[PDB]
Each structure stands twice: as structure tokens, then as C-alpha cells.
$ cat my_file-v7.txt   # compact mmCIF, C-alpha atoms
# COMPACT_ATOMS: atom_id res chain seq x y z
CA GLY A 1 0.00 0.00 0.00
CA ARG A 2 2.51 2.56 -1.35
CA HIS A 3 5.29 2.36 -3.93
CA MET A 4 7.94 4.10 -5.99
CA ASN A 5 7.48 4.85 -9.71
CA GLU A 6 9.80 3.69 -12.51
CA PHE A 7 11.54 7.04 -12.91
CA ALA A 8 12.37 7.51 -9.23
CA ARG A 9 13.74 3.95 -9.04
CA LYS A 10 15.77 4.68 -12.15
CA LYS A 11 17.19 7.95 -10.82
CA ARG A 12 17.82 6.22 -7.51
CA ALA A 13 19.85 3.53 -9.27
CA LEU A 14 21.93 6.24 -10.95
CA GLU A 15 22.37 8.01 -7.60
CA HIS A 16 24.02 4.89 -6.19
CA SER A 17 26.64 5.02 -8.94
CA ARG A 18 26.88 8.79 -8.45
CA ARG A 19 27.62 8.61 -4.72
CA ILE A 20 30.15 5.81 -5.17
CA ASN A 21 32.14 8.05 -7.53
CA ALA A 22 31.87 10.96 -5.07
CA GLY A 23 33.69 8.80 -2.54
CA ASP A 24 31.75 9.88 0.56
CA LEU A 25 30.93 6.77 2.58
CA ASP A 26 28.17 8.36 4.66
CA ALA A 27 26.13 9.22 1.54
CA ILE A 28 26.48 5.76 -0.05
CA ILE A 29 25.21 4.08 3.12
CA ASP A 30 22.26 6.50 3.34
CA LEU A 31 20.85 4.93 0.17
CA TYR A 32 20.46 1.59 1.94
CA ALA A 33 17.74 0.57 4.38
CA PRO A 34 19.22 0.03 7.88
CA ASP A 35 19.11 -3.76 7.47
CA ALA A 36 19.76 -3.78 3.72
CA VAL A 37 21.19 -6.93 2.16
CA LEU A 38 24.06 -6.66 -0.31
CA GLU A 39 25.30 -9.50 -2.49
CA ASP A 40 28.53 -8.38 -4.15
CA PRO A 41 29.17 -10.58 -5.86
CA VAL A 42 26.10 -12.80 -5.98
CA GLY A 43 27.42 -16.22 -5.02
CA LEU A 44 29.22 -15.10 -1.89
CA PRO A 45 27.66 -14.67 1.57
CA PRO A 46 25.53 -11.48 1.83
CA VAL A 47 26.70 -8.32 3.58
CA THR A 48 23.86 -7.05 5.79
CA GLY A 49 23.12 -3.92 7.82
CA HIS A 50 24.86 -0.53 7.83
CA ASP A 51 28.06 -1.36 9.75
CA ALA A 52 28.80 -4.32 7.47
CA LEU A 53 27.95 -2.20 4.43
CA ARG A 54 30.47 0.43 5.57
CA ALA A 55 33.19 -2.18 6.01
CA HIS A 56 32.36 -3.48 2.52
CA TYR A 57 32.55 -0.07 0.83
CA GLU A 58 35.62 1.31 2.67
CA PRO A 59 38.20 -0.82 0.81
CA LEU A 60 36.48 0.05 -2.48
CA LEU A 61 36.70 3.78 -1.71
CA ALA A 62 40.37 3.32 -0.81
CA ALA A 63 40.94 1.72 -4.22
CA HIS A 64 39.34 4.84 -5.73
CA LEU A 65 36.39 2.93 -7.17
CA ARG A 66 35.19 4.63 -10.34
CA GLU A 67 31.93 3.65 -12.03
CA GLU A 68 30.43 4.54 -15.37
CA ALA A 69 26.83 3.35 -15.40
CA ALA A 70 24.60 2.66 -18.39
CA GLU A 71 20.94 3.72 -18.43
CA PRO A 72 18.94 1.64 -15.96
CA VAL A 73 15.70 -0.15 -16.71
CA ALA A 74 12.81 -0.66 -14.32
CA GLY A 75 10.57 -3.55 -13.37
CA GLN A 76 6.79 -3.27 -13.39
CA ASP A 77 6.80 -4.89 -9.96
CA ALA A 78 7.04 -1.72 -7.81
CA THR A 79 10.53 -2.37 -6.37
CA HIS A 80 13.17 -3.16 -8.95
CA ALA A 81 15.66 -1.24 -11.05
CA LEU A 82 18.43 -2.96 -12.98
CA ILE A 83 21.60 -1.26 -14.13
CA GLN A 84 24.78 -2.23 -15.94
CA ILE A 85 28.00 -0.89 -14.45
CA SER A 86 31.52 -0.67 -15.87
CA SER A 87 34.10 -0.01 -13.16
CA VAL A 88 37.76 0.83 -12.61
CA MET A 89 39.69 0.81 -9.34
CA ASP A 90 43.21 0.30 -8.06
CA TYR A 91 44.45 -3.24 -7.53
CA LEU A 92 45.07 -2.34 -3.89
CA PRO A 93 43.73 -3.02 -1.42
CA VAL A 94 40.85 -5.17 -2.76
CA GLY A 95 42.54 -7.15 -5.56
CA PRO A 96 44.53 -9.51 -3.30
CA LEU A 97 41.22 -10.60 -1.79
CA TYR A 98 39.86 -11.34 -5.28
CA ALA A 99 43.09 -13.25 -5.92
CA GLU A 100 42.73 -15.24 -2.70
CA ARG A 101 39.13 -16.00 -3.69
CA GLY A 102 40.28 -17.31 -7.06
CA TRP A 103 38.99 -14.55 -9.31
CA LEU A 104 42.19 -13.17 -10.85
CA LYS A 105 45.96 -13.60 -11.07
CA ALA A 106 48.20 -10.93 -9.49
CA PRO A 107 49.90 -8.15 -11.49
CA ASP A 108 53.42 -6.87 -10.85
CA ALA A 109 52.97 -3.28 -9.75
CA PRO A 110 50.62 -4.01 -7.79
CA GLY A 111 50.41 -0.51 -6.32
CA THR A 112 50.01 0.92 -9.82
CA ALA A 113 47.85 -1.74 -11.45
CA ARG A 114 44.12 -1.16 -11.84
CA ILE A 115 41.12 -3.48 -12.00
CA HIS A 116 38.31 -3.47 -14.52
CA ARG A 117 35.00 -5.09 -13.64
CA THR A 118 31.67 -5.35 -15.45
CA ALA A 119 28.55 -5.91 -13.36
CA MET A 120 24.78 -5.87 -13.65
CA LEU A 121 23.00 -4.83 -10.46
CA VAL A 122 19.55 -6.02 -9.43
CA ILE A 123 18.24 -3.42 -6.98
CA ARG A 124 15.19 -3.78 -4.74
CA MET A 125 13.80 -0.50 -3.39
CA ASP A 126 10.91 0.14 -1.02
CA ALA A 127 8.37 2.99 -1.00
CA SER A 128 10.79 5.36 0.76
CA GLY A 129 13.44 4.99 -1.94
CA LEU A 130 15.73 3.02 0.34
CA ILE A 131 17.63 0.03 -1.05
CA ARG A 132 16.40 -3.12 0.70
CA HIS A 133 18.40 -5.51 -1.43
CA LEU A 134 21.16 -5.17 -4.01
CA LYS A 135 22.54 -8.05 -6.04
CA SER A 136 25.71 -7.31 -7.99
CA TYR A 137 26.23 -9.99 -10.63
CA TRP A 138 29.81 -10.36 -11.84
CA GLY A 139 32.00 -13.40 -12.28
CA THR A 140 35.72 -13.99 -12.63
CA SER A 141 35.29 -13.56 -16.40
CA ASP A 142 33.88 -10.09 -15.79
CA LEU A 143 36.99 -9.17 -13.83
CA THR A 144 40.18 -7.93 -15.52
CA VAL A 145 43.55 -6.64 -14.27
CA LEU A 146 44.56 -3.66 -16.43
CA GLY A 147 47.75 -1.59 -16.26
CA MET B 1 27.92 -24.67 -16.56
CA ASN B 2 31.04 -22.52 -16.37
CA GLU B 3 30.71 -18.73 -16.79
CA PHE B 4 31.82 -18.77 -20.45
CA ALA B 5 29.18 -21.39 -21.32
CA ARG B 6 26.48 -19.47 -19.44
CA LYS B 7 27.34 -16.22 -21.23
CA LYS B 8 27.14 -17.79 -24.65
CA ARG B 9 23.79 -19.39 -24.03
CA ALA B 10 22.55 -15.95 -23.03
CA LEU B 11 23.82 -14.62 -26.36
CA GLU B 12 22.35 -17.64 -28.14
CA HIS B 13 18.91 -16.66 -26.85
CA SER B 14 19.12 -13.31 -28.63
CA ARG B 15 20.43 -15.03 -31.78
CA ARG B 16 17.52 -17.45 -32.03
CA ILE B 17 15.01 -14.68 -31.44
CA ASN B 18 16.64 -12.77 -34.31
CA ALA B 19 16.57 -15.88 -36.51
CA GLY B 20 12.81 -16.00 -36.08
CA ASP B 21 12.38 -19.77 -35.73
CA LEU B 22 9.88 -20.55 -32.97
CA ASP B 23 10.99 -24.12 -32.20
CA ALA B 24 14.67 -23.19 -31.92
CA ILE B 25 13.96 -20.55 -29.25
CA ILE B 26 11.63 -22.78 -27.22
CA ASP B 27 14.24 -25.54 -27.50
CA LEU B 28 16.42 -23.41 -25.20
CA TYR B 29 13.89 -23.79 -22.39
CA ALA B 30 13.69 -26.47 -19.71
CA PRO B 31 10.47 -28.57 -19.63
CA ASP B 32 9.30 -26.62 -16.56
CA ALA B 33 10.83 -23.25 -17.44
CA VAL B 34 9.33 -20.07 -16.00
CA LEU B 35 9.37 -16.86 -18.00
CA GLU B 36 8.55 -13.40 -16.70
CA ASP B 37 8.28 -10.86 -19.50
CA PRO B 38 7.93 -8.35 -18.22
CA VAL B 39 8.68 -8.91 -14.54
CA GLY B 40 5.66 -7.76 -12.55
CA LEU B 41 3.19 -9.59 -14.78
CA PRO B 42 1.96 -13.14 -14.21
CA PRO B 43 4.69 -15.70 -15.06
CA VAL B 44 4.42 -17.62 -18.32
CA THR B 45 5.07 -21.30 -17.73
CA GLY B 46 4.90 -24.43 -19.87
CA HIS B 47 5.85 -25.28 -23.46
CA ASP B 48 2.50 -24.20 -24.87
CA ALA B 49 2.26 -20.83 -23.10
CA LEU B 50 5.90 -20.15 -24.02
CA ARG B 51 5.04 -20.62 -27.70
CA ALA B 52 2.00 -18.35 -27.44
CA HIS B 53 4.20 -15.75 -25.75
CA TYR B 54 6.82 -15.68 -28.52
CA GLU B 55 4.50 -16.14 -31.53
CA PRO B 56 3.23 -12.54 -31.70
CA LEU B 57 6.77 -11.19 -31.15
CA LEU B 58 8.03 -13.22 -34.12
CA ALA B 59 5.15 -11.88 -36.21
CA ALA B 60 6.29 -8.41 -35.16
CA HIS B 61 9.70 -9.35 -36.60
CA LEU B 62 11.40 -8.67 -33.27
CA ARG B 63 15.10 -7.86 -33.54
CA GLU B 64 17.42 -7.98 -30.57
CA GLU B 65 20.83 -6.50 -30.15
CA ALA B 66 22.62 -7.89 -27.17
CA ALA B 67 25.37 -6.27 -25.17
CA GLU B 68 28.13 -8.28 -23.51
CA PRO B 69 26.66 -10.47 -20.75
CA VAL B 70 27.97 -11.14 -17.26
CA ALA B 71 27.82 -14.30 -15.20
CA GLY B 72 27.12 -14.72 -11.52
CA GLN B 73 29.55 -16.65 -9.32
CA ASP B 74 26.72 -19.06 -8.56
CA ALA B 75 26.87 -21.61 -11.40
CA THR B 76 23.43 -20.69 -12.81
CA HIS B 77 23.02 -17.00 -13.64
CA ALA B 78 23.82 -14.93 -16.69
CA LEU B 79 22.56 -11.38 -17.09
CA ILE B 80 22.33 -9.60 -20.41
CA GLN B 81 21.16 -6.18 -21.51
CA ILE B 82 18.91 -6.22 -24.57
CA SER B 83 17.81 -3.45 -26.90
CA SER B 84 15.00 -4.62 -29.15
CA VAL B 85 12.93 -3.23 -32.00
CA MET B 86 9.77 -4.68 -33.51
CA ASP B 87 6.92 -3.67 -35.78
CA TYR B 88 4.12 -2.02 -33.82
CA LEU B 89 1.67 -4.73 -34.91
CA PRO B 90 0.48 -7.11 -33.55
CA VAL B 91 1.66 -6.55 -29.95
CA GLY B 92 1.62 -2.73 -29.80
CA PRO B 93 -2.18 -2.53 -29.41
CA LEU B 94 -1.84 -4.76 -26.32
CA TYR B 95 0.76 -2.44 -24.77
CA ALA B 96 -1.24 0.69 -25.70
CA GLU B 97 -4.28 -0.80 -23.97
CA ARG B 98 -2.54 -1.23 -20.61
CA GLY B 99 -1.28 2.33 -20.94
CA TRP B 100 2.38 1.45 -21.46
CA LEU B 101 2.58 3.60 -24.60
CA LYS B 102 0.42 5.92 -26.72
CA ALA B 103 -1.04 4.33 -29.86
CA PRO B 104 0.45 5.82 -33.06
CA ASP B 105 -0.86 7.35 -36.28
CA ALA B 106 -0.24 4.43 -38.62
CA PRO B 107 0.09 1.71 -36.94
CA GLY B 108 1.27 -0.35 -39.91
CA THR B 109 4.62 1.40 -40.32
CA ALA B 110 5.25 2.28 -36.68
CA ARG B 111 7.85 0.39 -34.64
CA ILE B 112 8.36 -0.37 -30.96
CA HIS B 113 11.71 0.10 -29.26
CA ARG B 114 12.42 -1.61 -25.94
CA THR B 115 15.31 -1.71 -23.50
CA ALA B 116 15.42 -4.66 -21.13
CA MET B 117 17.80 -6.48 -18.83
CA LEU B 118 17.40 -10.23 -18.53
CA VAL B 119 18.25 -12.39 -15.54
CA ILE B 120 18.70 -15.93 -16.82
CA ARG B 121 18.95 -18.94 -14.53
CA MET B 122 20.17 -22.02 -16.37
CA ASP B 123 20.60 -25.67 -15.38
CA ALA B 124 23.72 -27.81 -15.82
CA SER B 125 22.60 -28.55 -19.39
CA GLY B 126 22.33 -24.89 -20.34
CA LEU B 127 18.55 -25.10 -20.36
CA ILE B 128 16.66 -22.06 -19.08
CA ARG B 129 14.81 -22.68 -15.81
CA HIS B 130 13.81 -19.10 -15.18
CA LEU B 131 14.04 -15.97 -17.28
CA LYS B 132 13.25 -12.59 -15.79
CA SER B 133 12.96 -9.82 -18.37
CA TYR B 134 13.01 -6.48 -16.57
CA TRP B 135 11.53 -3.63 -18.60
CA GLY B 136 9.13 -0.86 -17.68
CA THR B 137 6.72 1.51 -19.38
CA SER B 138 9.57 4.03 -19.42
CA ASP B 139 11.74 1.44 -21.17
CA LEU B 140 9.21 1.23 -23.97
CA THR B 141 9.11 3.72 -26.85
CA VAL B 142 6.92 4.05 -29.95
CA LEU B 143 8.76 4.71 -33.21
CA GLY B 144 7.09 6.87 -35.86
$ encode --input "my_file-v7.txt" --output "C-alpha cells"
Amino acid sequence: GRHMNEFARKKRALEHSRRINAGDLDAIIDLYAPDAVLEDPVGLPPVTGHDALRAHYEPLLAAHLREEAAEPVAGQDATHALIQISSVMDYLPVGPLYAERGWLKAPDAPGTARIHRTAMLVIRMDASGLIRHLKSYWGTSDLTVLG
Amino acid sequence: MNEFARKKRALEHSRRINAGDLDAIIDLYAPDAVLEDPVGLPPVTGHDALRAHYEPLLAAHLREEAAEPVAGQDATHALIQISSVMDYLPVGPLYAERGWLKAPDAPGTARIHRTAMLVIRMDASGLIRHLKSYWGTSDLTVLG
């Protein structure tokens, strides 16, 4: 008994990419419901609630995570927006964790290498515009170690 | 199914739609496949309802251009963004009814553009168990 229209969900999905690029942690977290569930990537155990979300985004902000997002689409189901995201960030300090997980090799800078990743996000939003659930789909074949 | 395999099947789905052969598309689906197109509408399920879903699209000469897909680290998912164009008839009038677009001044030369993102769940054989096609009224445009 209340919901968010396609355009607001769409803009909201673009705002998530926007705030990630702006690098302010407080703003990124504000987009999530207090108990929001993040799967990044889908296939690994979910990150849930604000404190865990902060700890998830901090290393990404340290690696200077940079996203260029394509135009999102919307579901006709009152909650969803999907968006494709191309991303670049430094190998450090996240890369070694992706290496340990089995997702990529290990460059030879590594403090000058960068990582490219392609992902498609499935985003569930409630009537307040808060993200209740975000699934970031990307595999090892969507993960590349650049220069 | 490895990621590579999953990605290609996703691409193959767009290819067979473009080819226009009904049987070849349906052949990609598991016996109990579930299709949601669009997501938010009642699921289409079963061989016979899957055919009746794709038959008017084929008549509309639906063309898909697929972007590069991604795979989930979960052994089943591939996601793919799809831009599609089709003749306004015969499906347009359906969409216009529900208020998803405004009916054109032709309609015999008008086209329908659509942007969608698919979430495909496939079994070990590369058969589609579940396909969620996410597209909204704002992802739908009437051409000419």
C-alpha cells in the first residue's frame, strides 16, 4: 500500500553510482535501508546492515572505485531497477582478496595496477526509496587486471 | 555450466530470437521453465504458453541487439542487456491498452523500441529454468 514509480527507481539507481564516484561513505550508506542486504558478488555470503555495508565499501573507496553506469531499466513490480556498471579501481587493497578468492591472477605493480570489472545490479527498493536488497552480478570472467 | 558457457547461451537466446524460428527458441527452455516478461506480470510457464508468448513477437519481426553479458559466481546465472525493435503490430495494441505507450498514427509502419535487462537462470545442461525480463513503461518507446 505505497510504492515508488519507474523514474524515481531509475534515478535512484543512478544516484548509487553517483555517490560511489563521489567517494563519501556516509552518503552511499544512506541509500540503503538500515538492514539492507548486499550481495557483491552474488554467489558469496551477503553483507547485511549498515556497519557491514560500511566495512564493505571502505576498501572500495580506498581503491578509488570509479563507475560509469549505463541507463537503468525498471521492473513493473514496484521495487526493482536494474543497471549495468563498468568499473575501474586500483588493484590495492581489494585485488589480493579477489586473488585469494580465485577470481584473478596478481599483477606486478601491484600498487600501480588497476582493476576493470563489469557488473549488472539487481536493486530492490521500497516505498521510501531506500535500497532493501542489491545483487551485484559479476563473475571472474567479468573481472580484468589492467595496467 | 562454467561462466563462459552461461554467457554464450545468453547470447544464443538473442540469436535465435533474431533468426525467427519458434521451435529453436523454445528448445532453449527447460520442460518446466518459468518466463517473466515483463517482470511484474503473471509468469508464463509451460511449453504451450511459451510458444503463445513468442509467436506474436516473431510476427512483429522482433530484432534484438545484445550487449556483452555477465555471469554470476553461482553456477546458474547470466545477465544480459537487450535493446529490441519490432513492428508495432500485432503486440503494440496490447501495450497501448494497458497504458504502457500511446497508440500511433499508422500503426502499420510504426515500430516499438524496448530496453530490457534479462536475468537468466540455467541448469547444468544450459537449459533455461527461469528468465526474468526487466523492462518498464519508461523502457518502452513508440517509433514513428
$ interface_residues --input "my_file-v7.txt" --of "chain A" --to "chain B" --cutoff "12 Å" --atoms "only C-alpha atoms" --output "PDB file with C-alpha atoms, in the coordinates of the input"
ATOM      1  CA  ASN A   5       7.480   4.850  -9.710  1.00  0.00           C
ATOM      2  CA  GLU A   6       9.800   3.690 -12.510  1.00  0.00           C
ATOM      3  CA  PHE A   7      11.540   7.040 -12.910  1.00  0.00           C
ATOM      4  CA  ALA A   8      12.370   7.510  -9.230  1.00  0.00           C
ATOM      5  CA  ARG A   9      13.740   3.950  -9.040  1.00  0.00           C
ATOM      6  CA  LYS A  10      15.770   4.680 -12.150  1.00  0.00           C
ATOM      7  CA  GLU A  39      25.300  -9.500  -2.490  1.00  0.00           C
ATOM      8  CA  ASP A  40      28.530  -8.380  -4.150  1.00  0.00           C
ATOM      9  CA  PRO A  41      29.170 -10.580  -5.860  1.00  0.00           C
ATOM     10  CA  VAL A  42      26.100 -12.800  -5.980  1.00  0.00           C
ATOM     11  CA  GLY A  43      27.420 -16.220  -5.020  1.00  0.00           C
ATOM     12  CA  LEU A  44      29.220 -15.100  -1.890  1.00  0.00           C
ATOM     13  CA  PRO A  45      27.660 -14.670   1.570  1.00  0.00           C
ATOM     14  CA  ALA A  70      24.600   2.660 -18.390  1.00  0.00           C
ATOM     15  CA  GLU A  71      20.940   3.720 -18.430  1.00  0.00           C
ATOM     16  CA  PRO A  72      18.940   1.640 -15.960  1.00  0.00           C
ATOM     17  CA  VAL A  73      15.700  -0.150 -16.710  1.00  0.00           C
ATOM     18  CA  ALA A  74      12.810  -0.660 -14.320  1.00  0.00           C
ATOM     19  CA  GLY A  75      10.570  -3.550 -13.370  1.00  0.00           C
ATOM     20  CA  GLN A  76       6.790  -3.270 -13.390  1.00  0.00           C
ATOM     21  CA  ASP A  77       6.800  -4.890  -9.960  1.00  0.00           C
ATOM     22  CA  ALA A  78       7.040  -1.720  -7.810  1.00  0.00           C
ATOM     23  CA  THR A  79      10.530  -2.370  -6.370  1.00  0.00           C
ATOM     24  CA  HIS A  80      13.170  -3.160  -8.950  1.00  0.00           C
ATOM     25  CA  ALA A  81      15.660  -1.240 -11.050  1.00  0.00           C
ATOM     26  CA  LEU A  82      18.430  -2.960 -12.980  1.00  0.00           C
ATOM     27  CA  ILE A  83      21.600  -1.260 -14.130  1.00  0.00           C
ATOM     28  CA  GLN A  84      24.780  -2.230 -15.940  1.00  0.00           C
ATOM     29  CA  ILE A  85      28.000  -0.890 -14.450  1.00  0.00           C
ATOM     30  CA  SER A  86      31.520  -0.670 -15.870  1.00  0.00           C
ATOM     31  CA  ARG A 101      39.130 -16.000  -3.690  1.00  0.00           C
ATOM     32  CA  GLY A 102      40.280 -17.310  -7.060  1.00  0.00           C
ATOM     33  CA  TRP A 103      38.990 -14.550  -9.310  1.00  0.00           C
ATOM     34  CA  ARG A 117      35.000  -5.090 -13.640  1.00  0.00           C
ATOM     35  CA  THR A 118      31.670  -5.350 -15.450  1.00  0.00           C
ATOM     36  CA  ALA A 119      28.550  -5.910 -13.360  1.00  0.00           C
ATOM     37  CA  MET A 120      24.780  -5.870 -13.650  1.00  0.00           C
ATOM     38  CA  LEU A 121      23.000  -4.830 -10.460  1.00  0.00           C
ATOM     39  CA  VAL A 122      19.550  -6.020  -9.430  1.00  0.00           C
ATOM     40  CA  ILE A 123      18.240  -3.420  -6.980  1.00  0.00           C
ATOM     41  CA  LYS A 135      22.540  -8.050  -6.040  1.00  0.00           C
ATOM     42  CA  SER A 136      25.710  -7.310  -7.990  1.00  0.00           C
ATOM     43  CA  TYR A 137      26.230  -9.990 -10.630  1.00  0.00           C
ATOM     44  CA  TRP A 138      29.810 -10.360 -11.840  1.00  0.00           C
ATOM     45  CA  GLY A 139      32.000 -13.400 -12.280  1.00  0.00           C
ATOM     46  CA  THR A 140      35.720 -13.990 -12.630  1.00  0.00           C
ATOM     47  CA  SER A 141      35.290 -13.560 -16.400  1.00  0.00           C
ATOM     48  CA  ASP A 142      33.880 -10.090 -15.790  1.00  0.00           C
ATOM     49  CA  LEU A 143      36.990  -9.170 -13.830  1.00  0.00           C
TER      50      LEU A 143
END
$ atom_distance --input "my_file-v7.txt" --atom1 "CA of residue 4 in chain A" --atom2 "CA of residue 128 in chain A"
7.4 Å
$ closest_residue --input "my_file-v7.txt" --among "B:60, B:111, B:129, B:46" --to "residue 18 in chain B" --atoms "only C-alpha atoms"
B:60
$ residues_near_point --input "my_file-v7.txt" --point "(6.5, -3.1, -31.0)" --cutoff "8 Å" --atoms "only C-alpha atoms" --output "CSV table (one decimal) with C-alpha atoms, in the coordinates of the input"
chain,number,residue,atom,x,y,z
B,60,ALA,CA,6.3,-8.4,-35.2
B,62,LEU,CA,11.4,-8.7,-33.3
B,85,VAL,CA,12.9,-3.2,-32.0
B,86,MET,CA,9.8,-4.7,-33.5
B,87,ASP,CA,6.9,-3.7,-35.8
B,88,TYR,CA,4.1,-2.0,-33.8
B,89,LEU,CA,1.7,-4.7,-34.9
B,90,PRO,CA,0.5,-7.1,-33.6
B,91,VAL,CA,1.7,-6.6,-30.0
B,92,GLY,CA,1.6,-2.7,-29.8
B,110,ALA,CA,5.2,2.3,-36.7
B,111,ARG,CA,7.8,0.4,-34.6
B,112,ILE,CA,8.4,-0.4,-31.0
B,113,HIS,CA,11.7,0.1,-29.3
B,114,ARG,CA,12.4,-1.6,-25.9
B,142,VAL,CA,6.9,4.0,-30.0
$ residues_around --input "my_file-v7.txt" --residues "residue 66 in chain B" --least-positions-apart "4" --cutoff "9 Å" --atoms "all atoms listed in the file" --output "mmCIF file with C-alpha atoms, in the coordinates of the input"
data_model
loop_
_atom_site.group_PDB
_atom_site.id
_atom_site.type_symbol
_atom_site.label_atom_id
_atom_site.label_comp_id
_atom_site.auth_asym_id
_atom_site.auth_seq_id
_atom_site.Cartn_x
_atom_site.Cartn_y
_atom_site.Cartn_z
ATOM 1 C CA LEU B 11 23.820 -14.620 -26.360
ATOM 2 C CA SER B 14 19.120 -13.310 -28.630
ATOM 3 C CA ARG B 15 20.430 -15.030 -31.780
ATOM 4 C CA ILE B 80 22.330 -9.600 -20.410
ATOM 5 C CA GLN B 81 21.160 -6.180 -21.510
ATOM 6 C CA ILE B 82 18.910 -6.220 -24.570
ATOM 7 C CA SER B 83 17.810 -3.450 -26.900
ATOM 8 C CA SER B 84 15.000 -4.620 -29.150
#
$ residues_around --input "my_file-v7.txt" --residues "residue 115 in chain A" --least-positions-apart "6" --cutoff "6 Å" --atoms "only C-alpha atoms" --output "list in words"
residues 88, 89, 90, 91, 144, 145 and 146 of chain A
$ closest_residue --input "my_file-v7.txt" --among "A:37, A:64, A:110, A:124" --to "residue 20 in chain A" --atoms "all atoms listed in the file"
A:64
$ atom_distance --input "my_file-v7.txt" --atom1 "CA of residue 69 in chain A" --atom2 "CA of residue 57 in chain A"
17.5 Å
$ atom_distance --input "my_file-v7.txt" --atom1 "CA of residue 114 in chain A" --atom2 "CA of residue 95 in chain A"
8.8 Å
$ residues_around --input "my_file-v7.txt" --residues "residue 130 in chain A" --least-positions-apart "3" --cutoff "6 Å" --atoms "all atoms listed in the file" --output "PDB file with C-alpha atoms, in the frame of the given file"
ATOM      1  CA  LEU A  31      20.850   4.930   0.170  1.00  0.00           C
ATOM      2  CA  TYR A  32      20.460   1.590   1.940  1.00  0.00           C
ATOM      3  CA  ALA A  33      17.740   0.570   4.380  1.00  0.00           C
ATOM      4  CA  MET A 125      13.800  -0.500  -3.390  1.00  0.00           C
ATOM      5  CA  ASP A 126      10.910   0.140  -1.020  1.00  0.00           C
TER       6      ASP A 126
END
$ closest_residue --input "my_file-v7.txt" --among "A:65, A:134, A:55, A:47" --to "residue 22 in chain A" --atoms "all atoms listed in the file"
A:65
$ closest_residue --input "my_file-v7.txt" --among "A:60, A:93, A:131, A:68" --to "residue 111 in chain A" --atoms "all atoms listed in the file"
A:93
$ residues_around --input "my_file-v7.txt" --residues "residue 108 in chain A" --least-positions-apart "4" --cutoff "10 Å" --atoms "all atoms listed in the file" --output "NGL selection string"
:A and (112-113 or 147)
$ write_last_selection --input "my_file-v7.txt" --atoms "C-alpha atoms" --output "compact mmCIF listing (two decimals), in the frame of the given file"
# COMPACT_ATOMS: atom_id res chain seq x y z
CA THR A 112 50.01 0.92 -9.82
CA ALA A 113 47.85 -1.74 -11.45
CA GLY A 147 47.75 -1.59 -16.26
$ closest_residue --input "my_file-v7.txt" --among "B:55, B:44, B:8, B:141" --to "residue 23 in chain B" --atoms "only C-alpha atoms"
B:55
